[PDB]
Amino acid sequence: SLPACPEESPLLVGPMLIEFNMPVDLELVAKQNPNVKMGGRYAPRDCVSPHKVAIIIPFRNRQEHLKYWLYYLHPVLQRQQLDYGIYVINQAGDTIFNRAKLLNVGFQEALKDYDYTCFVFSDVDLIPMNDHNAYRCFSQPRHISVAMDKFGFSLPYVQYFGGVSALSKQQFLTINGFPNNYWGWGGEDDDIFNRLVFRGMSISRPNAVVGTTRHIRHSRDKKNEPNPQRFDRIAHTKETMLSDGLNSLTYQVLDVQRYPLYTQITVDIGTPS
């Protein structure tokens, strides 16, 4: 007997001030966010959200960015009236990073907790500047971080699909999820764009003003060097997507930690095969 949440949330305040130069205390963030439940889960008390959103962050050795991520997103996500949870998908070991494989793990592991039907994929260091930028799913795949400060507040190219995006369960399944063999930096987001287009879809986006996004400036991570096979890889997505992705995924979860503001899944995703 709770009614549906309004279609657009009435709590939104639009543009917001964002800064990355003060310390963050997650204990304090937890106290400021008393309705977020153990594991970083929240649904609204007064109405039923149609948006069952798992937010999936690929992660290694970025604890500082993450505290800022949690400090800023958590209040935005409750204002958006989402039935959501946060998953940080922490790559075990010290071998070459694999952004997309981690995202696949996140989708698959999150589905074990709850009937999520929408998946937000968000890099850890991207903070939206306007709460009108909806962190949930549309009838087409949604690109969220459309106007990033580091790209001069516009898209670096019109097919860019990096940074932050959202796919319904069905859209994700329809493309066999993401590729597993993009190791080191670059290209996997293009592959994922290619995948959507070969399955008859197109990219939905908010306007550049609402989609304004801040990137936390940081220097290079070691163990995520530009993948030099990225350019061949994206040229063949149509064939490779058939048998690379969800339907060829394995991993070994080493540990699951329910922190107050997020679930962290530590996972062994291997090295190139």
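Residues carry their position along the shown sequence, with the first being 1. In this text, the rigid core denotes the largest set of C-alpha atoms whose superposition between the two forms falls within 1.5 Å.
Between 132-140 and 184-192, the larger mean CA deviation from the shown form in 5 other deposited structures of this protein, after core superposition, belongs to 184-192. Of 53-61 and 230-238, the stretch whose C-alpha atoms sit farther from the shown form in 5 other deposited structures of this protein, after fitting on the rigid core, is 230-238. Across the other compared structures of the same protein with both neighbouring residues present, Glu225 lacks coordinates in at least a third. Just going by the entry, 220-228 versus 55-63 on mean CA temperature factor gives the higher value to 220-228. On average the C-alpha atoms of 12-20 have higher B-factors than those of the other stretch, with 12-20 and 245-253 being the two compared. The PDB entry assigns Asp191 a C-alpha temperature factor belonging to the lowest third of its chain's modelled residues. When the modelled residues of the chain are ordered by C-alpha B-factor, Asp83 sits in the lowest third. Remark: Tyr114 belongs to the middle third of its chain, ranked by C-alpha B-factor as recorded. When all modelled residues of the chain are sorted by CA temperature factor, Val267 is found within the lowest third. Annotation for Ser204: C-alpha temperature factor in the middle third relative to the rest of the modelled chain, per the entry.
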